Amino acid sequence: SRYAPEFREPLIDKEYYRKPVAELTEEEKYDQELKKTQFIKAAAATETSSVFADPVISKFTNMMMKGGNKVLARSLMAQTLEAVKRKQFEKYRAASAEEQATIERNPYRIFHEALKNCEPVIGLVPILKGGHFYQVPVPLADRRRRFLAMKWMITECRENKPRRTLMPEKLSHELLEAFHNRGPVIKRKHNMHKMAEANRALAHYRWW
Amino acid sequence: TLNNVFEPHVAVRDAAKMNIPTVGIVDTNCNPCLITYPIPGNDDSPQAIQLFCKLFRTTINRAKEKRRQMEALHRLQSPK
Amino acid sequence: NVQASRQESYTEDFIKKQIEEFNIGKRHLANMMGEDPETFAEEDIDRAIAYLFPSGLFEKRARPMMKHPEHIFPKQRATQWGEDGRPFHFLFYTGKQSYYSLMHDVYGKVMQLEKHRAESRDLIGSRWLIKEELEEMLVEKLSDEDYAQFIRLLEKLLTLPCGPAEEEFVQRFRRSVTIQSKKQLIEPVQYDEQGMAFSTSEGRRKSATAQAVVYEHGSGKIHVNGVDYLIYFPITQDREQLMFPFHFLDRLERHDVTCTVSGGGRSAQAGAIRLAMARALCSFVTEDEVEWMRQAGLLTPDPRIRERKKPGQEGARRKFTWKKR
Amino acid sequence: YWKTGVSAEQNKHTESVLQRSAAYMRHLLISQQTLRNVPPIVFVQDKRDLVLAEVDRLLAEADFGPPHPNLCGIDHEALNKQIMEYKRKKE
Amino acid sequence: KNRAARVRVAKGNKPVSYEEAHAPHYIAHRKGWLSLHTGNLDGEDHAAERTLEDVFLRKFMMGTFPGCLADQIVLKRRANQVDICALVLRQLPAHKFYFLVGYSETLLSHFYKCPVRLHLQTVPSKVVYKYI
RNA sequence: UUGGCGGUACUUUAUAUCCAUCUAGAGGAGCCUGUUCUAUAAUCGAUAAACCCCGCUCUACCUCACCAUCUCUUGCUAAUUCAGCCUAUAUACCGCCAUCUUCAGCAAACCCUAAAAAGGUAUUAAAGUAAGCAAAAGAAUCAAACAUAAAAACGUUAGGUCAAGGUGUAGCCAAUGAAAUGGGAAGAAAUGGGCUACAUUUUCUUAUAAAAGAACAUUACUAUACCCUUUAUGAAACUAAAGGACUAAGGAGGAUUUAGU
Ligand SMILES: [K+]
Ligand SMILES: [K+]
Ligand SMILES: [Mg+2]
Ligand SMILES: [Mg+2]
Ligand SMILES: [Mg+2]
Ligand SMILES: [Mg+2]
Ligand SMILES: [Mg+2]
Ligand SMILES: [Mg+2]
Ligand SMILES: [Mg+2]
Ligand SMILES: [Mg+2]
Ligand SMILES: [Mg+2]
Ligand SMILES: [Mg+2]
Ligand SMILES: [Mg+2]
Ligand SMILES: [Mg+2]
Ligand SMILES: [Mg+2]
Ligand SMILES: [Mg+2]
Ligand SMILES: [Mg+2]
Ligand SMILES: [Mg+2]
């Protein structure tokens, strides 16, 4: 890295800086005073104070990008969100007043609740004990649990789709199916959890 | 004459190797064999150490003063 | 039976002759350069030598020098005993007469304070002298354990009641700390022929360089290279990068910017403008806000630049395939 | 380290209790003169035990959903090609 | 291990001059260039001919002053003038140097068709930078 | 007693690294290229880690050192019963490097031991000490830092190179030397590396990587092969490029394995 270890990650929260001084906890108040005598990293090209920037969706975009084609990957995510909004508007208009209440037309809220439905609480680590490969039930961190949900989505759509279907049409159809706990990405989570019960007694081999 | 690990100070043997005479206070647990002029006595008490320090200090100053006087008397005789 | 050139220790007569030759040198160097010998100074000497003996060696220790002998010749500990052979200092046979002479003084001070019997922060923003600095004061070399013990003894002195004599003593072994000012330098505010206020600042991202000209009063009209910003930047992410400076300070639609970005690609040019606008926009915001910008990454130049390729490997870090065995 | 029963909740309470009396426990040993200079004491749970308990907590919370040549070690196929290739040269 | 132009370490009894002590990576950092011409500057011609002439000029001076050279020679080209600056030990009588200077200048001026001058600074003995 | 070893324990540990984690690849297909093998009248060297687009930042003649045929015998120089030799030995070497390695040691002068084959530390200090080389620092990437490069001793592998050049020993001198002409083939067989494709985050067109209109499985995606034309260099096209047809295989690659903070 070209940043020395003494550099601090930038804080790009607009409201945080403009809060009244008394509203800030003394711990936060102390850090701000310390940061005045430190070096701050430059903000990333994609780090902005925009009110429409969601870290979860921005991360999902980077996991789809191939060869640094951010314009294409962002376009694919923009087309997906729109394909989900247009799919719920059609259902909402073609539904009764009672049914209309339940229907969710926010694509950003369908994406977050979809991913969370696919996240697995426990995973598996492959281990070779006595020249035999065993996978031991592991408890997954918040970072490993989130990564696996996004990875499983980007892999079901990339591979298990018809040749002429497009990613905005497969991903939209999968975010909505996961949003209802019916999709194949949810089935992957159910299989992972079910296998952990099979290897329930083999967690002892853990050394880490 | 002992170091802080209860062993003879290295300079006792090294002063014998160089043929340097040694005046040492030697308590009951010490080894006086290589001390040229051993002085049996207490080495731990502050009042004992303070006495020896004064004796060695008064003695050395007297001997240095005597030399100054001895030189002046003999030197003065040369013109006189 | 080792045969190498011995240390050419410098006596006082030697250094004294080296100072007479230097004093005669200055009078000649002054006569050459047409300057007055009386006023000729060390700074003028270095300038004269650099003109008359141009050297382009990167290391400046290897360049020609005509310095006063004190600067060049290492000052050396003098003889530690007289003609009769009696060492001058009573702690000579310790081998560290100057380190132990100092530890003798501080231990005697500590004893008098403890026998004889307020806030101890008489000095703030100060540090203890580093081992290299202490060694110079004593004119001898110390170990890490020797330095650590000296500090522990000095700390004990501060803990105890200290008269003004002690405070002056510990002061000699305290070096003033300079806390670097990590605060932005505000730009000037020029005025146009029309009379409108505006500030200018440059920005650099990767190989792109920008020169923004923010105006105090505007409707949010940003023109890049004489073109609009929607036309110049057809990508949303590049426009979002131009929005970050103003949106952060809730100053959207209040300034008119004229940019000139040359070099780099689409993303590097937007980033370069972002920094240039943030630095120009400093002149029109409060100092609390300027610190708010600095702590959000808007005023730091990004040092990440393309790395060179290395011979013998595919890329800057990519290595050629390790062939199968 | 102290032995840790299966019940996670009780272990958490026991951990706090022991830790509060850590200073007094040290005093008791130092006072009795069994050990003259005892340093500060800590009470820790075996990480192996904690993980095994966590792998059980998450498992309960988790939802299981709705109800030939390479065997011997000689590449007989490759060796056949080497022999047939030699036979092609012979013939 | 790199071997180029590196005088290696022995037991601290090997005298080395300043030029010999410094390895190739110190060129332009601690020690300069022995030859100074304009043929390696950007957009300049006749580098090969300046380099070939230097190789010969160094072998010529070594043989013409056998055992009398304290250090490598320095070649300085200005316009069509060539200047050879050599540190030479004080072994030979003074009049012998005057013969070799007149001879080496005339011979090298009629061989390369340029004015060649020889500059000799006599040292009492080789100057030792360090013992390695 | 020292070192090496231990399917002997107990602690540290590796930072793109031993396991785990992450991304794109190799391993399958077609080509380009090296090596081996086969093989040719027909070079040489490199050839576990540390060879295998390696000496070559480069072989149509030349280059060339190889093979076949023909020819020359004081045969490049001022002189020389001399010229010349890519003849043998890198296990005689210089020169210039690989490797452990960005590893932390190497060597020399002293001093000490109820003798020493060796070893020599304790910091509230007990026999170790004062200097060199490496490291460090410094300099380079034209502010600053970080990073990257460079740097990296002494040894280890009789490591690589007598074919860069030079050179010790031995060998040829009407030939192992010099010159001319024509040749130096072949696989498709194993293997190393690379390139391209297998497509939908794709295919073609205009723009410019924004956007739009078409294409989208039997020949759609898709050959930098073979073949057929034209052009460039040259004396020579056997070479390279650009078009044209023609289509094959390829449907994301077993064991295993490379690189990246
Ligand atoms: K060699
Ligand atoms: K091949
Ligand atoms: Mg006693
Ligand atoms: Mg790359
Ligand atoms: Mg690895
Ligand atoms: Mg392959
Ligand atoms: Mg060989
Ligand atoms: Mg040929
Ligand atoms: Mg030929
Ligand atoms: Mg031959
Ligand atoms: Mg060898
Ligand atoms: Mg270095
Ligand atoms: Mg060998
Ligand atoms: Mg030869
Ligand atoms: Mg050979
Ligand atoms: Mg496009
Ligand atoms: Mg087609
Ligand atoms: Mg032609």
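Quick notes on the rules
Residues numbered from 1 in each chain as written, not as in the entry; some residues may be left out. Chains lettered and ligands numbered in written order. Part of a larger assembly, values for the part shown. Heavy atoms only, no water. Helix = DSSP H or I, 4+ residues; strand = E, 2+ residues; numbered from the N terminus. Rg over C-alpha atoms; globule rule 2.2 N^0.38 Å. Buried < 20%, exposed > 50% of the residue type's maximum accessible area, 1.4 Å probe, protein only. Patch = residues over 30% accessible without salt bridge, like charges linked within 9 Å, V, L, I, M, F, W, Y side chains within 5 Å. Areas by Shrake-Rupley, 256 points an atom, 1.4 Å probe, with all protein chains shown as cover. Salt bridge = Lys/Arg side-chain N within 4 Å of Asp/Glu carboxyl O. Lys, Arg positive; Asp, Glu negative; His and termini not counted. Charge placed at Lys NZ, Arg CZ, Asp CG, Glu CD. Contact = heavy atoms within 4.5 Å. Polar contact = N/O pair within 3.5 Å; in protein donor to acceptor, adjacent residues only side chain to side chain. Pairing = 2+ DSSP bridges. Axes fitted to C-alpha atoms, helices over the stretch in contact; angles between N-to-C directions. Near = heavy atom within 4 Å. Nonpolar A, V, L, I, M, F, W, Y, C, P; charged D, E, K, R; others polar. Buried area = accessible area lost by both parts, 1.4 Å probe. Disulfide = S-S within 2.5 Å.

- In the PDB archive, cryo-EM is given as the structure determination method for this entry, at a resolution of 3.06 Å.

### With respect to the overall build of chain B
Phase 1 of the analysis: Within chain B, the regular secondary structure consists of two helices and two strands.
Phase 2 of the analysis: In sequence order, chain B lays out its α and β elements as α-β-β-α.
Phase 3 of the analysis: Here chain B has a C-alpha radius of gyration of 18 Å; the compact-globule value for 80 residues is 12 Å, and the former is much larger.
Phase 4 of the analysis: Residues counted as buried form 15% of the 80 residues belonging to chain B.

### Comments concerning the environment of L41 of chain E
Phase 1 of the analysis: Looking at the secondary structure, you find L41 of chain E in the loop between strand 2 (35-36) and helix 2 (47-64).
Phase 2 of the analysis: A sequence separation of 88 residues divides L41 of chain E from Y129 of chain E, and the C-alpha atoms of the two residues are 31 Å apart.

### Focus on a negative patch on the surface
Residues and elements named next belong to chain E.
Phase 1 of the analysis: Taken together, the side chains of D42, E44, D45 and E49 present a region of like negative charge at the surface.
Phase 2 of the analysis: Mapped onto the fold, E44 is located in the loop between strand 2 and helix 2.
Phase 3 of the analysis: Judged by relative accessible area, which is 40%, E44 ranks as partly exposed.

### Re the side chain of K170 of chain A
Residues and elements named next belong to chain A.
Phase 1 of the analysis: The topology assignment puts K170 in helix 8 (residues 167-179).
Phase 2 of the analysis: Among the residues examined, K170 registers a relative accessible area of 14% and is labelled buried.
Phase 3 of the analysis: When residues no more than four places from it in sequence are discounted, the contact partners of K170 are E156, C157, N160 and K161.

### Re the side chain of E140 of chain C
All names here are of chain C.
Phase 1 of the analysis: Position of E140 relative to the elements: it lies in the loop between helix 5 (131-138) and helix 6 (144-159).
Phase 2 of the analysis: A polar contact of 3.2 Å, which involves the side chain of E140, links it to the backbone nitrogen of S98.
Phase 3 of the analysis: Among the polar contacts listed, one links the side chain of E140 to the backbone nitrogen of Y99, at a separation of 3.5 Å.
Phase 4 of the analysis: When neighbours within four sequence positions are excluded, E140 is seen to be in contact with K96, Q97, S98, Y99 and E135.

### Observations concerning the sheet that holds strand 3 (residues 74-78) of chain E
All names here are of chain E.
Phase 1 of the analysis: Read from one edge of the open sheet, four strands run 2-3-4-5, paired in mixed fashion. Edge positions in the sheet fall to strand 2 and strand 5 (116-123), since each has one partner strand and no second.
Phase 2 of the analysis: Bridge count between strand 4 (residues 81-89) and strand 5: eight bridges; the pairing is parallel. From the neighbouring strand, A86 faces strand 5, where its bridge partner is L120.
Phase 3 of the analysis: Taken strand by strand, helix 2 contacts strand 2, strand 3, strand 4 and strand 5, and its axis lies near 135 degrees from that of strand 3.

### Topic: the environment of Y1 of chain D
Residues and elements named next belong to chain D.
Phase 1 of the analysis: Checked against the element boundaries, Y1 lands in the segment before helix 1 (8-20).
Phase 2 of the analysis: Overall, the relative accessible area of 78% leaves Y1 in the exposed class.
Phase 3 of the analysis: A C-alpha to C-alpha distance of 6.9 Å links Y1 and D46, two positions 45 residues apart in sequence.
Phase 4 of the analysis: Among all residues touching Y1, those that are not within four sequence positions of it are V44 and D46.

### Let's talk about a positive patch on the surface
Residues and elements named next belong to chain A.
Phase 1 of the analysis: The grouping of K66, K151, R158 and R188 at the surface amounts to a positive patch.
Phase 2 of the analysis: Positionally, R158 belongs in helix 7 (residues 142-159).
Phase 3 of the analysis: Judged by its relative accessible area of 38%, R158 is partly exposed.

### With respect to the protein's contact with RNA strand F
Phase 1 of the analysis: In the vicinity of RNA strand F there are 66 residues, among which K161 of chain A, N4 of chain B, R317 and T321 of chain C together with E85 of chain D approach most closely.
Phase 2 of the analysis: Considering RNA strand F, the proportion of its atoms within 4 Å of the protein that are sugar or phosphate atoms stands at 73%.
Phase 3 of the analysis: Measuring from a sugar or linking oxygen of RNA strand F, one finds a side-chain N or O atom of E85 of chain D at 2.3 Å.
Phase 4 of the analysis: At the level of secondary structure, the elements contributing two or more residues to the surface near RNA strand F comprise helix 4 (70-93), strand 3 (122-128) and helix 7 of chain A, helix 1 (10-17) of chain B, helix 6 of chain C together with helix 5 (76-90) of chain D.
Phase 5 of the analysis: The class makeup of the residues in the surface near RNA strand F is 22 nonpolar, 11 polar and 33 charged.

### Remarks on the interface of chain A and chain C
Phase 1 of the analysis: On the side of chain C, 28 residues touch chain A, which itself brings 30 residues to the contact.
Phase 2 of the analysis: Around 2,700 Å² of area is buried between chain A and chain C when both sides are counted, 55% of it from carbon and sulfur atoms.
Phase 3 of the analysis: Counting across the interface, chain A meets chain C through four salt bridges.
Phase 4 of the analysis: Among the ionic pairs, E289 of chain C bridges to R18 of chain A, the shortest N-O distance being 4.0 Å.
Phase 5 of the analysis: Our count for the contact surface shared by chain A and chain C stands at 13 residue pairs in polar contact.
Phase 6 of the analysis: Secondary-structure elements contributing two or more residues to the side of chain A that touches chain C are helix 1 (14-18), helix 2 (26-35), strand 2 (39-40) and helix 4 of chain A.
Phase 7 of the analysis: Residue composition of the side of chain A that touches chain C, grouped by class: 13 nonpolar, seven polar and 10 charged.

### Digging into the interface of chain D and chain A
Often, the extent of an interface is quoted as the loss of accessible area upon association of its parts.
Phase 1 of the analysis: Taken together, the contact between chain D and chain A spans 13 residues of the former and 15 residues of the latter.
Phase 2 of the analysis: Buried area between chain D and chain A, both sides added, is near 1,300 Å², and the carbon and sulfur share of it is 70%.
Phase 3 of the analysis: The three residues of chain D that bury the most area against chain A are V55, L59 and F64 of chain D, which together make up 39% of that side's buried surface.
Phase 4 of the analysis: Joining chain D to chain A, the criterion identifies two salt bridges.
Phase 5 of the analysis: Close ionic contact of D56 of chain D with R200 of chain A constitutes a salt bridge, the shortest N to O distance being 2.7 Å.
Phase 6 of the analysis: Scanning the region where chain D abuts chain A turns up three residue pairs in polar contact.
Phase 7 of the analysis: For the side of chain D that touches chain A, the per-class residue count stands at eight nonpolar, one polar and four charged.

### Section: a nonpolar patch on the surface
Phase 1 of the analysis: Together, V23, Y37, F56 and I60 of chain B give the surface a local cluster of nonpolar side chains, amounting to about 420 Å² of exposed area.
Phase 2 of the analysis: Here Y37 of chain B lies in strand 2 (residues 37-40).

### Points about the state of the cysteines
Phase 1 of the analysis: In total, this model carries zero disulfides over all chains according to the counting rule given.
Phase 2 of the analysis: As a non-bridged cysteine, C85 of chain E has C114 of chain E as the owner of its nearest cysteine sulfur, 14 Å distant.

### Considering unusual backbone geometry
Residue and element names in this part refer to chain C.
Phase 1 of the analysis: For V139, which is not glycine, the phi dihedral falls at a positive 60 degrees.
Phase 2 of the analysis: By the element assignment, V139 lies in the loop between helix 5 and helix 6.
Phase 3 of the analysis: In this structure, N225 is a non-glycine residue whose phi angle is positive, near 55 degrees.
Phase 4 of the analysis: For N225, the position within the fold is in the loop between strand 6 (222-224) and strand 7 (227-228).
Phase 5 of the analysis: Taking relative accessible area as the criterion, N225 reaches 34% and is therefore assigned partly exposed.

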